[PDB]
Q: 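I'd like to ask you about the structure that follows.
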Amino acid sequence: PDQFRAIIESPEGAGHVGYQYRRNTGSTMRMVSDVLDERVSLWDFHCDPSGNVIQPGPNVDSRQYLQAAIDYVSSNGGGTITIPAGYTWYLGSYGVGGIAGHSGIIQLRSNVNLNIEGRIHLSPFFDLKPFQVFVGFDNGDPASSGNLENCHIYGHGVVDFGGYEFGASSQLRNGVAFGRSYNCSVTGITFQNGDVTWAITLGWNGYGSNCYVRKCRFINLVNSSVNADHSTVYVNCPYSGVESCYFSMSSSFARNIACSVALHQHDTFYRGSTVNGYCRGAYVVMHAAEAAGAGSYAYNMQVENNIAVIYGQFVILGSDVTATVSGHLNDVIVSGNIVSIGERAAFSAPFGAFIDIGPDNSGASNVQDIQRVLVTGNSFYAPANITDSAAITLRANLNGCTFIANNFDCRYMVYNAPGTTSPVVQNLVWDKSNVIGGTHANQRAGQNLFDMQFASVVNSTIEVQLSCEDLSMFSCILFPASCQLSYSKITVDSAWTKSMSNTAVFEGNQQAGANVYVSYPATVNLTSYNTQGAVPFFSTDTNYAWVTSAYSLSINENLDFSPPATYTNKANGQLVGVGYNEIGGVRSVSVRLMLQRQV
Amino acid sequence: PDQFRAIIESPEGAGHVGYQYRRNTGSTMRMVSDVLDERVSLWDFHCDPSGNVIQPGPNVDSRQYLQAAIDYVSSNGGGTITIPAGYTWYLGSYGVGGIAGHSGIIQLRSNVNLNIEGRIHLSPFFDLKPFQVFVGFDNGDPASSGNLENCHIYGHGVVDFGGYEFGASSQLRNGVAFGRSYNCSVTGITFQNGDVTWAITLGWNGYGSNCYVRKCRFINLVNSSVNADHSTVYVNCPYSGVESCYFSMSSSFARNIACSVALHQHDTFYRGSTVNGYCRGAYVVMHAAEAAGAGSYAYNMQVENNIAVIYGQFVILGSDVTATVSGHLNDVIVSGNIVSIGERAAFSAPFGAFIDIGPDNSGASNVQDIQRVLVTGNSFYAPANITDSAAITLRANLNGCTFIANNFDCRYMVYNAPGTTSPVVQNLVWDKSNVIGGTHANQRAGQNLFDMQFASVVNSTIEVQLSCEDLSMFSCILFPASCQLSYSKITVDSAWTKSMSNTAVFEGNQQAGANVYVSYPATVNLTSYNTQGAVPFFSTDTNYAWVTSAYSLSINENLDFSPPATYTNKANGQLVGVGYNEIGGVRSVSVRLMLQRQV
Amino acid sequence: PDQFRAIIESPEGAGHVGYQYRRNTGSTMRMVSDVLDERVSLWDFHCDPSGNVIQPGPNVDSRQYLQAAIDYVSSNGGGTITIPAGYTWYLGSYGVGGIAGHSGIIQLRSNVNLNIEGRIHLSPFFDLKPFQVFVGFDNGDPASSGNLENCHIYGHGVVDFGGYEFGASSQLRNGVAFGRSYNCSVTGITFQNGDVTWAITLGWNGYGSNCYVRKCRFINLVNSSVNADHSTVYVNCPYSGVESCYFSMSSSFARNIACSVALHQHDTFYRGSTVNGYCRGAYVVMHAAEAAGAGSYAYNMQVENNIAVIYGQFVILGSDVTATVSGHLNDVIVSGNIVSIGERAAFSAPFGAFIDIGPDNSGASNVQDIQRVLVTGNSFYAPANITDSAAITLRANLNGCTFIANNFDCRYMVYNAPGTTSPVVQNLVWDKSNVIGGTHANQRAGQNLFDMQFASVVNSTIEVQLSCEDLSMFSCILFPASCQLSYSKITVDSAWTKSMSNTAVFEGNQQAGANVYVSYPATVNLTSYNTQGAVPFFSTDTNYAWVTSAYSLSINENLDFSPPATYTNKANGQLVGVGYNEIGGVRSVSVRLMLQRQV
Ligand SMILES: CC(=O)N[C@@H]1[C@@H](O[C@H]2O[C@H](CO)[C@H](O[C@H]3O[C@H](CO[C@@H]4O[C@@H](C)[C@H](O)[C@@H](O)[C@H]4O)[C@@H](O)[C@H](O)[C@H]3O)[C@H](O[C@@H]3O[C@H](CO)[C@@H](O)[C@H](O)[C@H]3NC(C)=O)[C@H]2O)[C@H](O)[C@@H](CO)O[C@@H]1O
Ligand SMILES: CC(=O)N[C@@H]1[C@@H](O[C@H]2O[C@H](CO)[C@H](O[C@H]3O[C@H](CO[C@@H]4O[C@@H](C)[C@H](O)[C@@H](O)[C@H]4O)[C@@H](O)[C@H](O)[C@H]3O)[C@H](O[C@@H]3O[C@H](CO)[C@@H](O)[C@H](O)[C@H]3NC(C)=O)[C@H]2O)[C@H](O)[C@@H](CO)O[C@@H]1O
Ligand SMILES: CC(=O)N[C@@H]1[C@@H](O[C@H]2O[C@H](CO)[C@H](O[C@H]3O[C@H](CO[C@@H]4O[C@@H](C)[C@H](O)[C@@H](O)[C@H]4O)[C@@H](O)[C@H](O)[C@H]3O)[C@H](O[C@@H]3O[C@H](CO)[C@@H](O)[C@H](O)[C@H]3NC(C)=O)[C@H]2O)[C@H](O)[C@@H](CO)O[C@@H]1O
Ligand code: NA
Ligand code: NA
Ligand code: NA
Ligand code: NA
Ligand code: NA
Ligand code: NA
Ligand code: NA
Ligand code: NA
Ligand code: NA
């Protein structure tokens with residue numbers, strides 16, 4: 001019985017105390033230790049070499065203890081390790097082995113979940129240094145790494161990056177790198193107070209699947225001018241996405257460098273999230289250099305039902321090439337988003353846009369293969385002073401994009417800067433159901449609402465419909481002479497255009513093309529013959545050889561005659577129609593006409 | 001060894017029994033009590049003064065015990081208290097201190113989560129009395145209250161309000177008032193069986209952030225005529241919302257008073273939820289009196305992808321003023337919802353509507369600043385007998401609202417009651433892509449589909465497109481003489497209109513305005529001169545001085561002549577065009593024309 | 001003290017060791033066994049008759065132990081049973097009693113939740129046999145069954161069906177049958193590796209409510225030619241749905257037989273999910289034979305924001321009748337989905353379609369009552385070789401369907417096979433805002449883009465708008481002479497049509513109907529009189545008696561004359577207009593005209 005009291009006080013004591021669930025005689029006869037062994041916490045490993053528990057705190061490095069817990073649970077085929085509530089667990093050194101090549105702190109392992117209820121906080125050892133807090137690669141070379149499967153991080157807890165700035169722009173910092181990750185997720189966690197490159201990365205160059213970020217918060221994760229670039233979540237495996245998250249930045253630097261999400265492989269999504277204070281909402285890009293695991297096509301890309309205040313662009317599309325692989329982006333949907341450019345001076349952040357068709361990372365605009373994109377049922381607003389705001393900034397080659405039933409209230413509808421890139425554009429479709437707002441009315445001196453600064457446009461539709469007047473704009477739509485236009489439909493509805501000097505402008509007379517279909521208002525001077533009765537009226541100018549029909553948009557103030565209601569043309573480029581002289585006489589009128597070609 | 005058996009049976013016994021996780025010699029040498037101390041339940045506090053456990057039941061008030069648990073866990077920096085499954089925990093008295101000013105029962109505290117697995121039920125002490133079950137304010141004056149942070153209530157359990165009716169209409173009742181709440185949430189909980197004002201309130205007058213209601217059920221929470229008003233969730237802090245919830249009412253009273261959600265600050269949302277039996281779906285409102293914590297603008301407001309059967313209005317917009325603050329509502333999106341007015345007699349509940357632009361709480365219609373709203377891709381249905389159903393009831397001043405690509409199948413498209421308010425309307429946009437259903441065909445004697453009972457309309461677009469005949473309606477669109485109309489576009493497509501006596505009606509001849517752009521069908525009597533050959537035809541009536549062109553919508557049954565295909569006007573208000581007399585003779589025809597002005 | 005050591009080692013030992021939470025003197029004086037009794041796992045029942053624990057494994061049938069755990073927890077009013085992580089629990093025999101009529105393995109019980117953290121795996125006893133793993137019916141006759149309430153299955157674990165093929169096509173296999181289920185759910189679970197009929201079924205013939213499938217994965221659940229049919233989730237109770245799930249198949253058989261979801265009662269939804277490798281996305285159907293619990297109407301049906309690669313049809317609509325009940329489907333929304341037909345040969349799987357209006361299970365096309373459906377803001381793509389691809393295959397009677405603001409890029413827009421069914425169509429609305437893609441340009445020899453192979457069409461709108469040329473197609477829209485057409489609007493925009501031989505084709509001259517409203521381009525030969533001055537031009541053909549107006553789509557290459565800009569008709573079916581001869585002479589021209597009737 002000495003050994004009994006001794007047994008009981010020893011670490012095997014619980015293993016000698018019997019238990020049977022709820023005194024049920026049909027239940028297993030267990031020992032207390034068996035029941036305790038059903039759960040596991042950091043406290044079961046956070047101990048000195050003699051086994052005595054250590055309290056966490058700013059003067060204690062918890063890293064080795066958490067790694068020991070992960071390693072052991074892994075050896076039993078997995079489980080969930082709780083990081084207890086009511087404590088802050090500090091990390092204060094780098095991990096070792098395969099994660100060292102990633103500046104890793106903790107190595108995640110398959111089937112080992114982390115239930116973070118307390119706080120995890122970086123110690124000042126990491127100030128001005130690279131780091132990746134949680135790393136799922138098991139090799140410094142990602143190509144030589146094994147997979148991470150079935151690893152979920154969740155809870156009501158917090159990862160706090162300590163506020164430390166980057167030491168050099170070339171450094172990288174991350175919260176969770178799942179690695180070559182299959183069925184991994186982060187749910188519920190707040191990531192805050194840092195200067196980092198990413199908070200979470202999913203996948204590696206297309207290897208991975210079914211990775212998700214849900215109900216997480218990301219708060220103040222850029223804080224310095226050193227930080228080169230930031231994307232809060234980088235989605236680099238298929239069948240993965242981000243939903244119902246909150247993203248907020250307060251620093252000036254974030255308004256110039258930070259993006260919330262990057263979707264970089266097929267079957268990926270960004271849904272139901274709120275963004276504030278960022279430069280950009282989401283990249284949707286196929287990088288040829290990332291094509292190894294899931295092919296060279298990014299398809300089935302969804303950005304839906306988000307709420308955003310940003311300073312640059314909401315969605316940025318891209319694809320590129322390497323020496324041996326060509327990336328392609330197609331089958332994209334952008335719907336249900338409500339987006340605004342936050343209050344800022346014109347030109348004070350990257351050019352404001354709902355959609356950007358951006359060049360590659362070396363600035364090339366002639367490598368892209370972007371098509372089959374639907375942008376529908378979104379709202380976009382930019383304040384009236386923001387000259388640099390567009391529904392779409394179309395800066396690189398575009399093989400198709402369709403806009404239906406959006407409401408865009410900003411300076412430009414379609415824009416690209418003159419003198420810059422000259423994109424080749426195919427299959428740009430702007431349906432009449434896009435509503436153009438009035439916030440920027442009166443602000444558009446010298447500007448074209450649709451400024452078509454492209455090398456060429458083919459197979460495209462622009463149906464312009466105003467909903468209020470803006471007589472400040474130079475034109476509704478302008479094509480420079482350098483832009484070829486063919487097999488396209490361009491229309492300007494007459495409503496709110498009566499007083500406009502120019503409506504559609506074709507500086508190379510491109511509307512004359514055999515397969516150009518256009519209509520727009522114009523003012524035309526006519527003169528009739530003197531005959532009483534049915535009598536022809538003819539335009540005094542001769543630049544209408546392309547017109548197939550025209551009709552009156554003006555009332556007739558006269559009693560003694562009427563000009564024609566409708567007109568066609570003649571070989572010399574005059575318009576002609578048949579009016580009526582109740583009394584004879586040569587007549588001379590100025591009329592507003594709808595000019596039509598093949599429509 | 002006497003003291004050893006004694007120690008073991010004492011409440012410190014577990015603190016003497018050793019344990020080491022899974023017999024791992026690298027694990028902490030702990031005591032059983034340390035492992036048990038990692039969790040906490042109501043059972044750890046639900047005890048008499050001698051420490052003996054008390055069983056819950058209808059004759060036991062569990063309030064003080066649950067408060068003791070919350071208070072203690074709070075003192076250790078937080079955690080999660082389980083409310084065990086398999087029991088009903090009754091509450092039977094008011095709390096004390098700061099929550100007493102709120103009729104509070106339990107005080108929530110920061111970082112203390114409640115995992116409700118069992119049932120919490122109100123005892124009859126609360127019958128006919130006010131109460132707020134869970135309160136996160138710490139002061140009777142909300143202005144003087146501290147914050148509630150990091151408080152989550154979740155589980156598979158239930159809050160049951162006991163079925164008790166209100167005692168007086170002036171009383172207030174609530175389930176969860178998070179208070180000045182930051183990162184708080186309710187997930188998974190069923191709230192049922194009550195007569196209450198709210199189930200959950202988030203925030204206080206704009207103070208709070210990141211508060212959410214997810215996957216909760218709200219069932220039968222209004223049951224009496226005493227109940228003054230009900231909104232199941234009131235969202236009164238930014239960056240907060242409701243998603244994937246279920247709301248159901250069965251009482252008659254709920255069909256007249258209850259709303260599912262109120263969104264009252266910026267960056268708030270209501271998504272993916274199902275409603276049945278309610279008067280209203282969601283208020284979206286900026287009250288100047290609520291502007292203290294987050295400014296006087298409600299912007300980035302999202303109502304998306306909900307399913308509803310309601311008896312009144314789906315979304316209600318509003319903003320108002322106090323003596324020193326002016327509220328503004330802008331940047332709203334309503335998309336993807338499928339909504340119907342449930343089976344009821346006409347006029348038996350508040351006027352049916354998809355969108356309502358409602359007056360302030362004192363009935364004023366001249367204080368609102370509502371603009372930049374997008375309503376797109378929704379469906380609305382009301383049964384054919386429901387005279388009082390509209391796509392939009394526009395009852396107060398409106399500074400903009402845009403409708404694109406909806407399907408509305410109800411009695412009216414645009415409505416406001418004559419003789420009532422006379423709203424000032426700007427920037428109302430009804431795109432042609434809105435599909436008008438046929439359920440109410442033949443029901444519209446004496447009614448105008450678009451009944452424009454406003455003081456004035458400016459910068460507005462109404463493109464009417466029918467998809468079946470309804471010859472019962474008096475007109476497609478009518479403007480009384482009291483409504484000014486300027487800088488607007490009004491069109492009536494001809495399809496299904498051939499037999500209509502009136503299509504567009506302008507009782508003050510407002511279509512003549514300099515910047516009014518309109519087109520609609522009309523029947524016109526013409527008579528020609530007798531000349532053989534090209535010969536003029538002229539209208540017999542003189543009310544066409546505003547017409548810029550017209551064209552035939554009718555076949556010509558004649559062989560010996562043809563009327564003009566197109567017409568323009570003359571100063572006296574006749575139409576004129578040039579037809580053709582194969583044989584001479586004065587001709588007299590009645591023709592269906594499309595009348596156009598500036599289009 | 002002998003009995004004390006004995007007590008302590010006995011199964012009542014923990015019941016003698018005292019504990020008080022965190023040494024708090026205000027806490028309950030408990031015993032260790034009380035605290036352990038707050039949780040329950042499979043280990044508490046997975047024991048031999050002497051109470052000794054049994055290890056799970058491929059040679060152990062865990063079924064009776066799990067049932068014992070469920071039965072006991074049920075007797076205490078519920079709770080959550082954990083299925084521990086780090087182990088595979090095999091099932092190797094059928095259950096007994098009420099579930100035997102369902103081939104049941106485990107019986108679920110009300111208020112008893114399963115937290116599946118480990119793996120559950122079927123033993124080879126089930127090879128070639130029927131089975132339903134988890135069954136919530138309590139009677140072999142579902143009509144005589146009690147309800148299952150408040151039963152949630154959740155966790156990070158897995159249900160593995162062992163890879164076994166069906167033994168006979170008449171067998172049924174299921175993962176979870178909740179039965180007559182109220183407030184039940186499955187969250188987080190992976191179902192994999194099987195040949196089954198369903199993974200999860202919710203409800204029974206309309207009995208049930210508030211059942212949900214969320215964040216689950218379904219992987220490779222069809223593997224043989226024996227498998228008759230598969231729907232991964234069958235939703236057979238109202239106020240229930242599927243959200244944020246992943247569905248994947250790899251077998252050839254799945255491309256011909258498998259559907260992801262079946263929505264079969266009102267107020268049901270399918271949202272935010274990703275599908276790959278399936279034949280079909282979702283059925284949306286009211287079967288009269290399923291109408292018992294919730295009525296004969298399926299209404300408030302939502303399919304939104306999904307991502308899919310399928311081989312057959314995305315959404316399939318249906319309703320049918322029994323001898324005494326008639327099923328109805330109305331108030332449906334399909335929005336925000338991005339869908340493609342995967343790479344396959346033409347005709348190698350069921351006919352590709354976004355929407356299918358399908359016959360009943362006996363092939364009848366004359367029993368359906370389907371109306372008030374909105375399809376808006378979706379994208380659909382099929383590769384160019386897939387002849388059998390359509391936006392809508394309209395194969396049974398249709399009482400209404402509305403398409404607004406979609407982007408469809410496939411072979412046909414509207415299709416039904418000639419010689420097959422002859423549907424009666426009412427209220428088909430194809431708005432102009434639907435964008436028709438160009439992938440299948442040049443592939444359409446002998447084909448009509450809109451192939452209207454119906455018995456009749458009434459109250460319908462087809463506004464065709466091309467966005468690129470396809471001169472291979474025989475026509476944009478064709479109506480055989482067998483299809484009646486009335487009270488409808490059919491338009492073909494002229495853009496990209498100049499070179500088309502046929503645009504709209506009415507093989508029975510149906511465009512002449514009194515209430516048919518149509519416009520489309522045509523080429524017409526005209527000849528004038530010889531008179532100098534205003535001079536008539538007349539068509540040489542006489543098939544224009546239905547034309548109310550026409551206008552020029554062609555330039556005039558002549559200086560000495562001009563044909564009319566606009567035309568009307570004469571009784572003999574010629575067109576006539578007034579042109580102008582500067583010099584006299586008989587003129588003869590061929591002109592492209594927009595032919596209009598009542599528009
Ligand atoms: C911040 C961001 O996401 N910006 C994108 C931009 O992305 C490119 O630039 C960023 C700049 O931070 C990344 O390039 C940096 O990081 C890579 C990857 O780091 C190495 O590999 C990882 C696995 C390892 O853990 C690290 O220790 C490193 O060894 C460096 O190779 C590169 O030199 C450096 O500038 C980003 O790289 C991608 O990062 C994701 C997420 O971690 C990885 O999954 C990919 O493998 C990696 N891709 C490549 C090709 O290496 C760059 O792709 C986008 O290009 C841009 C336009 O689309 O949007 C944002 O600007
Ligand atoms: C039921 C509902 O939400 N109805 C809205 C309507 O809201 C207004 O009317 C309701 C009627 O119940 C509320 O007014 C009642 O309650 C307030 C608040 O109670 C006091 O303050 C709270 C913090 C405290 O816990 C209580 O003990 C009280 O001291 C009373 O002041 C008022 O006299 C009474 O009629 C609602 O008030 C808002 O309530 C939310 C949620 O609790 C609070 O966050 C706000 O502070 C409070 N606002 C104000 C201005 O006090 C009223 O705003 C909407 O106006 C209407 C149209 O938009 O929609 C529904 O009808
Ligand atoms: C695979 C699938 O979902 N296919 C649908 C198709 O559904 C019909 O055909 C399937 C074929 O598997 C089902 O019919 C089979 O199963 C029923 C039901 O099984 C019996 O009842 C259940 C409760 C019990 O547990 C079992 O032991 C059986 O006793 C058999 O009666 C039938 O003979 C057999 O072919 C499907 O039936 C429905 O199944 C759901 C889900 O389990 C039940 O809730 C319903 O009660 C049951 N309905 C009926 C009327 O019995 C058939 O409805 C659809 O018809 C089709 C077109 O819409 O889509 C897919 O093809
Ligand atoms: Na590295
Ligand atoms: Na497209
Ligand atoms: Na060029
Ligand atoms: Na109060
Ligand atoms: Na708007
Ligand atoms: Na007025
Ligand atoms: Na059966
Ligand atoms: Na419809
Ligand atoms: Na027929």
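Lettering of chains follows the sequences in order, A, B, ..., and the numbering in each one begins at 1.
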Q: Who pairs with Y154(A) by ring pair (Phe, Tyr, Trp, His ring centres under 6.0 Å), at least two apart in sequence or on another chain?
A: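 With neighbours one apart ignored, the set is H156(C).
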Q: Which one of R5(B), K489(B), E463(B), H152(B) has the most heavy-atom pairs closer than 4.5 Å to chain A?
A: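 Max contact count across the listed options: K489(B).
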Q: Out of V32(B), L36(B), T461(B), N183(B), return the one with the most heavy atom pairs under 4.5 angstrom to chain A.
A: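 Of the candidates given, the most pairs with chain A belong to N183(B).
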Q: Quick one: what part of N378(A) sits under 4.5 Å from any heavy atom of chain B, side chain, backbone, both or neither?
A: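 Just the backbone, heavy atoms under 4.5 Å.
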Q: Pick one of side chain, backbone, both or neither for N330(B), based on which atoms fall under 4.5 Å of a heavy atom in chain A.
A: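 Contact with chain A involves no heavy atom of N330(B) at all.
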Q: Using every non-hydrogen atom in the two residues, find where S552(A) and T568(B) come nearest and quote the distance to one decimal.
A: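 Looking at all heavy atoms of both residues, the closest pair is OG-OG1, 4.4 Å.
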Q: Taking the side chain as everything from C-beta on, heavy atoms only, tell me whether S467(A) gets closer than 4.5 Å to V435(A).
A: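 Counting from C-beta outward, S467(A) and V435(A) do come under 4.5 Å.
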Q: How close do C245(A) and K215(A) get, counting heavy atoms only, and between which atoms?
A: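 Looks like SG-N, 3.7 Å.
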Q: Of the listed residues (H16(B), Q20(B), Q302(B)), which shares the most heavy-atom pairs with chain A below a 4.5 Å separation?
A: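 Going by pairs under 4.5 Å, I would pick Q302(B).
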Q: Less than 4.5 Å to any heavy atom of chain B: does that hold for the side chain of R39(A), its backbone, both, or neither?
A: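 Answer is both: backbone and side chain atoms of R39(A) are under 4.5 Å from chain B.
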Q: Tell me, side chain or backbone of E243(B) under 4.5 Å from chain A's heavy atoms, or both, or neither?
A: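 The side chain, not the backbone.
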Q: Side chain, backbone, both or neither: which part of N558(A) has an atom under 4.5 Å from a heavy atom of chain B?
A: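 Interface part for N558(A): backbone (N, CA, C, O).
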Q: Please classify the contact of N276(A) with chain B as side chain, backbone, both or neither, using a heavy-atom distance under 4.5 Å.
A: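 Just the side chain, heavy atoms under 4.5 Å.
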Q: Just so I understand: if I count every heavy-atom pair under 4.5 Å between each of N515(B), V429(B), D331(B) and chain A, which residue has the most?
A: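 Highest number of pairs under 4.5 Å: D331(B).
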Q: Parallel, tilted or perpendicular: which fits the ring planes of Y72(A) and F45(A), with parallel below 30° and perpendicular above 60°?
A: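 Aromatic pair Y72(A)/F45(A) classed tilted.
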Q: Between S340(A), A68(A), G377(A), who has the most heavy-atom pairs with chain B when the cutoff is under 4.5 Å?
A: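 Counting heavy-atom pairs under 4.5 Å, the top option is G377(A).
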Q: Where does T274(A) contact chain B at under 4.5 Å (heavy atoms): side chain, backbone, both or neither?
A: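 For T274(A), the side chain is the part near chain B, not the backbone.
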Q: For the candidates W43(A), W496(A), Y65(A), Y87(A), which exhibits the highest count of non-hydrogen atom pairs separated by less than 4.5 Å from chain B?
A: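 Most heavy-atom pairs under 4.5 Å with chain B: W496(A).
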Q: What residue among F269(B), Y239(B), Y182(B) forms ring pair (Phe, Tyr, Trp, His ring centres under 6.0 Å) with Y246(A)?
A: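 Exactly one option meets the ring pair (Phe, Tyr, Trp, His ring centres under 6.0 Å) with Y246(A), and it is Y239(B).
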Q: Chain B heavy atoms under 4.5 Å from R592(A): which part of the residue, side chain, backbone, both or neither?
A: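 Contact with chain B is absent: no heavy atom of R592(A) under 4.5 Å.
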Q: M31(B), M29(B), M301(B): which one forms the most heavy-atom pairs within less than 4.5 Å of chain A?
A: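 So the answer, after comparing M31(B), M29(B), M301(B), is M29(B).
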Q: Below 4.5 Å from any heavy atom of chain B, which atoms of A534(A) appear? Answer side chain, backbone, both or neither.
A: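 Just its side chain gets close to chain B.
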Q: How would you list, by chain and number, every residue that makes a side chain to side chain donor-acceptor pair (under 3.5 Å) with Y551(B), sequence neighbours excluded?
A: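 Per chain and number, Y551(B) pairs via side chain to side chain donor-acceptor pair (under 3.5 Å) with no residue.
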Q: Are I490(B) and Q511(B) packed together at the side-chain level, in the sense that at least one heavy-atom pair is separated by less than 4.5 angstrom?
A: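 No. Closest side-chain heavy atoms not under 4.5 Å.
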Q: Among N111(B), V17(B), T376(B), single out the residue with the greatest number of heavy-atom pairs under 4.5 Å to chain A.
A: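 Of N111(B), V17(B), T376(B), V17(B) has the most heavy-atom pairs under 4.5 Å with chain A.
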Q: Select one option (side chain, backbone, both, neither) describing which atoms of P564(B) are under 4.5 Å from chain A's heavy atoms.
A: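 Neither; nothing under 4.5 Å.
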Q: Please classify the contact of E12(A) with chain B as side chain, backbone, both or neither, using a heavy-atom distance under 4.5 Å.
A: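 Backbone only.
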Q: At a heavy-atom separation under 4.5 Å, does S248(A) approach chain B through its side chain, its backbone, both, or neither?
A: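 Neither part, no heavy atoms under 4.5 Å.
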Q: With a 4.5 angstrom heavy-atom cut-off, could you sort out which part of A69(A) is near chain B: side chain, backbone, both or neither?
A: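 Nothing of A69(A), per the 4.5 Å heavy-atom cut-off to chain B.
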Q: Working note: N76(A) + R22(B), criterion side-chain contact (heavy atoms from CB on, under 4.5 Å); need CA distance, chi angles, decisive distance, verdict.
A: CA-CA 10 Å; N76(A) 294 319; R22(B) 297 189 176 207; 3.7 Å; yes
Q: Looking at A14(A), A495(A), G533(A), which has the largest count of heavy-atom pairs under 4.5 Å with chain B?
A: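 Most heavy-atom pairs within the cutoff with chain B belong to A495(A).
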Q: So which part of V599(B) gets closer than 4.5 Å to some heavy atom of chain A, the side chain, the backbone, both or neither?
A: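 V599(B) touches chain A through backbone and side-chain heavy atoms alike.
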Q: Are the side chains of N305(A) and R271(A) in touch, meaning some heavy atoms are under 4.5 Å apart?
A: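 Answer no - side chains too far apart.
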Q: Name the region of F403(B), side chain, backbone, both or neither, that has any atom closer than 4.5 Å to a heavy atom of chain A.
A: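 Nothing of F403(B), per the 4.5 Å heavy-atom cut-off to chain A.
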Q: What part of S433(A) gets closer than 4.5 Å to chain B, counting heavy atoms only: side chain, backbone, both or neither?
A: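 Both the backbone and the side chain of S433(A) come within 4.5 Å of chain B.
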Q: Counting only non-hydrogen atoms closer than 4.5 Å, does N581(A) touch chain B with its backbone (N, CA, C, O), its side chain (CB onward), both, or neither?
A: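 Neither part.
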